[PDB]
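A short worksheet on the structure shown next.
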Ligand SMILES: CCCCC/C=C/C/C=C\CCCCCCCC(=O)O[C@H](COC(=O)CCCCCCCCCCCCCCC)COP(=O)([O-])OCC[N+](C)(C)C
Ligand SMILES: CCCCC/C=C/C/C=C\CCCCCCCC(=O)O[C@H](COC(=O)CCCCCCCCCCCCCCC)COP(=O)([O-])OCC[N+](C)(C)C
Ligand SMILES: CC(C)[C@@H](C)/C=C/[C@@H](C)[C@H]1CC[C@H]2C3=CC=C4C[C@@H](O)CC[C@]4(C)[C@H]3CC[C@]12C
Ligand SMILES: CC(C)[C@@H](C)/C=C/[C@@H](C)[C@H]1CC[C@H]2C3=CC=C4C[C@@H](O)CC[C@]4(C)[C@H]3CC[C@]12C
Ligand SMILES: CC(C)[C@@H](C)/C=C/[C@@H](C)[C@H]1CC[C@H]2C3=CC=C4C[C@@H](O)CC[C@]4(C)[C@H]3CC[C@]12C
Ligand SMILES: CC(C)[C@@H](C)/C=C/[C@@H](C)[C@H]1CC[C@H]2C3=CC=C4C[C@@H](O)CC[C@]4(C)[C@H]3CC[C@]12C
Ligand SMILES: Clc1ccc(CO[C@H](Cn2ccnc2)c2ccc(Cl)cc2Cl)cc1
Ligand SMILES: Clc1ccc(CO[C@H](Cn2ccnc2)c2ccc(Cl)cc2Cl)cc1
């Protein structure tokens, strides 16, 4: 494992510092022994290929570092060599320790401001506690030392240099927790760039502005918006401001900023949607175009489900040919074959409803399947905000309809099976449209968070109780006449009856005309106390507890689903139905850009 | 009782101080009368055998104490004599009152720094509000007077002296509430020890470090860890530290530190498991070895319960020989005798499943019974963290299986009884394995805390309602025909029907074809309002209230169960499956010790 390897790397490194007396002196700063050793090799190297000068820089020993550089000036130019620390210089270490004096002493001796720490200890991963990129300027920026940043720029550090992820220093500053100085650092670096560095993409294709959206950095987003707004006027308490939508609206731009925010895995990303130009833009798009078109699609989908349902109610059946010789058999009707299922006027009316049913199932796969490939399947079905569980059950409904079409054509018996599943999944997928309505939308998120949370834990322990008691009830009744109490007459019936008795959906079995086993009254008293009294009421109690705790996130998730719907509809619908949002600059002399005017009170 | 005796001791002591004028003057500090009495016995003794100098020290009277010591210097050497205060000197009292001047005046006169207050007022018990051990140094330490501690050490107080419990002054400092100075006192005492006193066991076998674990003293534990860590390096925001696991991991050491913490009765002990080297160690042990092996044992136990269940579903039965002459009799099948229960191929397949069933029941007792003797039965079955209620029901299942084996061998009728109990308890004991899974584990603690809490109180008052109403319903129906409403036809049926009606698991009795008693509709209206409407919904309401209050402790108990599982698995499994945790020091030149490297951000 990685942690065991990193640990061994750290232990070997400290051992080699103990073993080699020059490295031991570089750690301890005992200038007497260090003078004797350098008076008496200087290119000696620790376990990771680091020099004695890396050791002196790591332990923050300015004097030992000057002695080492006086005896061997070339050490200031040396990288570390082994896989965790490849390319790390003493300048990366001195910058990270903020030793401005040692940074000057290294730069005065030819330490390379363009050296890149490509080793695995520096990369962005859950393995590493920090990500400062690869260059000393990116370290000084994330460490927050403006005086070291200037000093490195004055020695010719390339401010537009890129990490192995393609990240510039501006991208790396968006990723830091220290947001209180990261914005001050961002201004310092833009002052030396003076194509703008704000427009350089990383290897994901993200500019710094798009990365602040994806990562949910609302502090850096609202800082970046200060150079993308113009105050038109202020009059007493009122201000009118004009925000530039160019990056927010991302017109004709691959994945758009608003797609990148709503499809981000980072739970902070949904907070960008509350920021002034974004909130007013997505609110405008929803109220003017999104809600009207979502109410149309919701209405058309309900009429399509009424059409499919009617084709199941009027499903073609005939009187069975085979006699009911078994007294326990109740089947009286049978499927019509294709050559007899389409004869009357009503059969031709149903053929139209069935062809509409199949046409909608094809159209569902034509809408769904391409979006799997754009978003990636793991995120497409995974993300609550995009509709992930509804994309599973709508593709499953469409598949069950097209399966049933093949069964109808090949005279296959058993259409009740895929039609019963398609009727349940088809109607339950109408809850996809609940996200458009403030009344239904937050509640449909509780249904989801209770299904994959409390209902899941409950069903695991409920299943253990049902297996114990269904077995005790079955063996209690094995010796008794099945005609007098049938609920436990075989193991599959005993399981189903015990499940229905748990949820109190079937009455406890009794027959006062006969003597039931005494072991049944004992077993059912224990069952009624564990299943019905304790666990079925403890389900209500733990749902009530989950409900009050989750109620805020439920609302934040609902307002993010309305934005994700708005972004989906605008992407997928014809552009003539979605006129470009905001104010066109060109007819006011503002050039090709488009704007959002926000008027506000203070 | 103890309190009545202590009270009488205190009253007699004050009476003897009132009665004897030297003790009265030693209490009042009236130097005139005290001079006259000492000018005019001085070995006079209060009810507990204390001298006039103990009285002067108790009332903090420095002047009277100097007058008494000037007239009778030997009083500084005297103990108290009666059972509550045996061996207490005026030096113990003066140290507890922090009278540094009186402590010097006593030590200057030969007061014994090694005297031990062995009386019952000083011992560790719920009877006593303080436990300072027995020696004046242990008093001065717990009282927190560094100047009195030095003064006693300078007069030759043995710092390694032990209380009647075997506790040294270091053990006693772990037991004090005053943790804000107890650590400063701990350093002061280690400075005079300079075998280390940190390694001396008490009569429980606990070193001071193990006692901080058992007592849940997280402040003294994290203080003791400062001399059991080494900082390897710091580089900007990151530090790497190397903790010595020698006492935490307790390799080959009887009860190990981690056993002593998880099996402690003190509800604070589980907080030690959140401390940096312990949390990272038990997290490592769980993720690398504990969770894999617990998922294997959980899977093997579920397959064993499927095997046992199948042996009950395929249980050997034949058509009854005796006729159903009673019209209320429904038994049609009967046990096969041993000599006819094993004839077909399917009976020999079932004999393998039955021998697997019996083999697992023996193995359960071979695993369970020795652990009773290590932990002690009162704690083994009592502790939630160790699995106490599951150890009861798994030993009960194994006993019911071995009972059923004897019944099968001795042709005994009634195997339905122990098999129905073994099927319920056997399957419900699968919830033991819920502690390995973050989804199921905290919820299984709510099931336990609701069973022994809210379900218990509810069942006591529910039973009182059921006895009232089952009796009213039975006597209402005694005069009526049993064939028209059978639910209350005898008292045992009336109790069971009333219990099922309370929980609404059987529908209220009605028969619209006949006139029921008017007293039934009255009694059932009152029953439906008290049982179903009020109490069954008040159960849900009080469980919801318990749920939100207990939800934090439920999570702390779950994370302590994961550690207790980790500690159990490592103890009971073969050592080749559990490679020794942490980093071996020897291959890095650190000697025989083993370490945990923790890398952290600030
Ligand atoms: C999110 C939560 C997910 C939880 C999922 C768990 C679901 C468990 C529910 C039930 C599964 C079993 C369905 C019926 C199978 C037996 C039908 C049958 O064929 O029975 C028997 C044969 O087999 C058996 O003896 C059953 C053996 C016991 C199996 C119990 C289930 C095992 C797996 C359960 C899951 C384990 C983990 C649970 C959680 C820890 C057929 O005999 P008979 O009854 O026809 O006649 C009576 C007997 N003569 C023929 C002699 C007259
Ligand atoms: C955690 C909570 C724990 C709570 C535990 C409490 C459980 C109480 C539940 C019930 C226990 C009694 C079970 C049935 C016994 C009668 C069967 C029988 O034999 O009845 C009778 C004989 O006796 C009786 O008259 C019963 C007398 C009343 C006893 C009531 C229970 C007493 C103890 C209850 C607990 C006290 C404390 C409660 C809480 C404060 C048999 O007459 P018969 O009915 O056949 O015919 C009808 C009558 N001829 C024969 C004339 C036709
Ligand atoms: C025998 C068939 C009918 C069984 C297996 C069918 C299961 C269906 C009814 C279950 C499977 C998953 C369930 C499910 C998945 C996820 C969600 C999203 C949530 O925000 C609203 C409820 C909803 C929509 C529910 C509805 C009911 C579903 C669709
Ligand atoms: C309690 C939780 C775990 C939920 C999910 C499980 C419920 C179980 C008990 C239910 C779900 C579907 C049920 C079920 C499906 C279909 C049949 C076929 C029928 O001819 C006999 C009953 C039988 C065999 C029952 C057995 C009990 C089952 C398997
Ligand atoms: C007639 C028989 C079948 C009656 C008496 C049997 C009672 C059983 C079902 C009861 C007795 C004590 C109960 C019990 C004890 C303690 C715990 C630990 C808790 O964390 C989970 C539930 C669990 C596991 C429950 C399950 C149900 C048990 C085991
Ligand atoms: C309400 C709480 C206190 C729970 C624990 C108690 C329930 C009582 C009412 C239940 C538990 C088991 C039941 C019970 C066990 C078995 C039998 C034998 C049967 O031939 C007649 C009913 C009879 C006699 C009933 C009477 C009512 C009992 C004793
Ligand atoms: Cl689960 C679910 C999901 C979506 C709707 C859509 O709900 C709206 C009505 N509504 C409800 C609340 N506020 C408005 C609706 C109903 C019927 C028809 Cl035909 C069209 C529409 Cl638009 C209803 C349930
Ligand atoms: Cl009450 C109870 C206790 C333990 C399990 C063990 O649950 C796991 C599944 N699980 C559940 C949650 N997260 C994972 C499991 C199921 C079946 C089999 Cl055969 C093996 C295993 Cl490991 C299930 C109920």
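Cβ: placed from backbone, ideal geometry, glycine included. Neighbour counts: every protein chain shown. Since every read-out is calculated from the coordinates, none of them should be taken as a lab result.
Name every residue in the range A:480-503 that is away from ligand 4 (no atom under 13 Å from the Cβ) and under 12 Å from residue A:520 (Cα atoms), in order of residue number.
A:480, A:485
Among the numbered criteria (1) surrounded by fewer than 19 Cβ atoms within 10 Å (Cβ to Cβ); (2) at the interface with chain A (Cβ under 7 Å from one of its Cβ atoms); (3) away from ligand 4 (no atom under 16 Å from the Cβ), which single criterion is violated by residue B:420?
Evaluating residue B:420 over (1) surrounded by fewer than 19 Cβ atoms within 10 Å (Cβ to Cβ); (2) at the interface with chain A (Cβ under 7 Å from one of its Cβ atoms); (3) away from ligand 4 (no atom under 16 Å from the Cβ) leaves (1) as the failure.
This table checks each residue for (1) closer than 18 Å to residue A:424 by Cα; (2) in a helix (DSSP H, G or I).
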{"residue": "A:312", "(1), (2)": "yes, yes"}
{"residue": "A:321", "(1), (2)": "no, no"}
{"residue": "A:324", "(1), (2)": "no, no"}
{"residue": "A:330", "(1), (2)": "no, no"}
{"residue": "A:360", "(1), (2)": "yes, yes"}
{"residue": "A:366", "(1), (2)": "no, yes"}
{"residue": "A:373", "(1), (2)": "no, yes"}
{"residue": "A:386", "(1), (2)": "no, no"}
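Enumerate the pairs (first residue in the range A:531-542 and facing chain B (nearest Cβ under 7 Å); second residue anywhere and not in a helix (DSSP H, G or I)) with beta-carbon separation below 8 Å, excluding pairs fewer than 6 apart on the same chain, so at least 6 apart or on different chains.
A:532/A:504; A:532/B:503; A:532/B:505; A:533/B:503
Can you find a residue that is surrounded by fewer than 23 Cβ atoms within 10 Å (Cβ to Cβ), within 49 Å of the chain's Cα centre (by Cα) and part of a loop (DSSP other than H, G, I, E, B) anywhere in the range A:66-74?
The answer is no; no qualifying residue exists.
Which of the residues that make up the range A:29-55 are assigned to a helix (DSSP H, G or I) and surrounded by fewer than 16 Cβ atoms within 10 Å (Cβ to Cβ)?
If the condition is that a residue be assigned to a helix (DSSP H, G or I) and surrounded by fewer than 16 Cβ atoms within 10 Å (Cβ to Cβ), then A:31, A:32, A:33, A:35, A:36, A:39 are the ones that fit.
Answer yes or no as to whether residue B:304 is within 14 Å of ligand 1 (Cβ to nearest atom) and more than 10 Å from chain A (Cβ to nearest Cβ).
Here the answer is yes, as residue B:304 does meet what is asked.
Restricting the range B:451-464 to residues that are facing chain A (nearest Cβ under 9 Å) and either out of contact with any helix residue (DSSP H, G or I) (no Cβ under 6 Å at 6 or more places or on another chain) or within 16 Å of ligand 7 (Cβ to nearest atom) (or both), which is farthest from residue A:465 (Cα to Cα)?
B:462
Given the condition within 30 Å of residue B:385 (Cα to Cα), assigned to a helix (DSSP H, G or I) and near ligand 5 (Cβ under 10 Å from one of its atoms), answer yes or no: does some residue in the range B:409-421 qualify?
Within the range B:409-421, one or more residues are within 30 Å of residue B:385 (Cα to Cα), assigned to a helix (DSSP H, G or I) and near ligand 5 (Cβ under 10 Å from one of its atoms).
Just give me the residues in the range B:423-440 being more than 24 Å from residue B:360 (Cα to Cα) and either more than 14 Å from ligand 5 (Cβ to nearest atom) or crowded, with 22+ Cβ neighbours inside 10 Å (or both), in sequence order.
Passing the criteria: B:438, B:439.
Would you point out the residue of the range A:145-167, among those that are part of a loop (DSSP other than H, G, I, E, B) and within 15 Å of residue A:191 (Cβ to Cβ), that is farthest from the chain's Cα centre (by Cα)?
Taking the candidates together, the pick is A:157.
For the range A:1-28, which residues satisfy the criterion of being farther than 21 Å from residue B:582 by Cβ and either part of a loop (DSSP other than H, G, I, E, B) or under 40 Å from the mean Cα position of the chain (by Cα) (or both)?
A:20
Consider residue B:177 carefully, then state whether it is more than 26 Å from residue B:69 (Cα to Cα) and surrounded by 14 or more Cβ atoms within 10 Å (Cβ to Cβ).
When the stated conditions are applied, residue B:177 does not pass them.
Return the total of residues in the range B:557-583 being surrounded by fewer than 17 Cβ atoms within 10 Å (Cβ to Cβ) and under 17 Å from residue B:273 (Cα atoms).
Residues in the range B:557-583 being surrounded by fewer than 17 Cβ atoms within 10 Å (Cβ to Cβ) and under 17 Å from residue B:273 (Cα atoms): 0 in total.
Please pick out the residue among A:485, A:516, A:467, A:501 that is at the interface with chain B (Cβ under 9 Å from one of its Cβ atoms), within 21 Å of residue B:445 (Cα to Cα) and either surrounded by 18 or more Cβ atoms within 10 Å (Cβ to Cβ) or more than 48 Å from the chain's Cα centre (by Cα) (or both).
Sole residue among the options that is at the interface with chain B (Cβ under 9 Å from one of its Cβ atoms), within 21 Å of residue B:445 (Cα to Cα) and either surrounded by 18 or more Cβ atoms within 10 Å (Cβ to Cβ) or more than 48 Å from the chain's Cα centre (by Cα) (or both): A:467.
Pull up the range A:7-28, narrow it to residues that are facing chain B (nearest Cβ under 8 Å) and surrounded by 16 or more Cβ atoms within 10 Å (Cβ to Cβ), then point me to the one that is farthest from residue A:78 (Cα to Cα).
A:7
Given the structure, is residue A:443 within 16 Å of ligand 1 (Cβ to nearest atom) and under 21 Å from the mean Cα position of the chain (by Cα)?
No, not satisfied.
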